[PDB]
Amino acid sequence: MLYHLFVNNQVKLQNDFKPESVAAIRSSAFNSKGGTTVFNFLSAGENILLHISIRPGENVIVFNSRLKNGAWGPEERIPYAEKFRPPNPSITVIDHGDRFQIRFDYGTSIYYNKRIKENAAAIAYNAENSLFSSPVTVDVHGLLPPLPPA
């Protein structure tokens, strides 16, 4: 399923993003002078299951979770440098049941253990001066599709 997720907006998923699901986010551009860019996977009740806060200025990517009216929990962070590949940077998220796998253009995958046991009903995209395009292309799969030889 293809979705066009606009900045400071979100997309309501046709089906719940759950175990086996794969979300491939791709941007048509890379704005070098962009600021903090955020992607959230939200449950039907608007809980933030997965929070991805890309911070060029602070040189880190922060992962966290939070209930709608709750506080953020401990942060899991990695360095921002050498993760995205211009001019079409991407972000791939896979639900492995007990944890999410997050892959950028470079480096090894990032694994984030699930904190809120609910499936995602929507994906949000927030930024004042986005690092990526608006919208970003989002292809969501119910399971990993057949792979090309290369």
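A residue's number is simply how far along the shown sequence it sits, counting from 1.
- In this entry, 31-39 shows the higher mean Cα temperature factor of the pair 119-127 and 31-39.
- Higher mean CA temperature factor between 82-90 and 95-103: 82-90, per the PDB entry.
- Residue-level inspection of the entry shows that, of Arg26, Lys114, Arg55, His51, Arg55 has the top Cα B-factor.
- Among the modelled residues of its chain, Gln14 has a C-alpha B-factor that falls in the highest third according to the deposited record.
- Sort the modelled residues of the chain by CA B factor and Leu2 lands in the lowest third.
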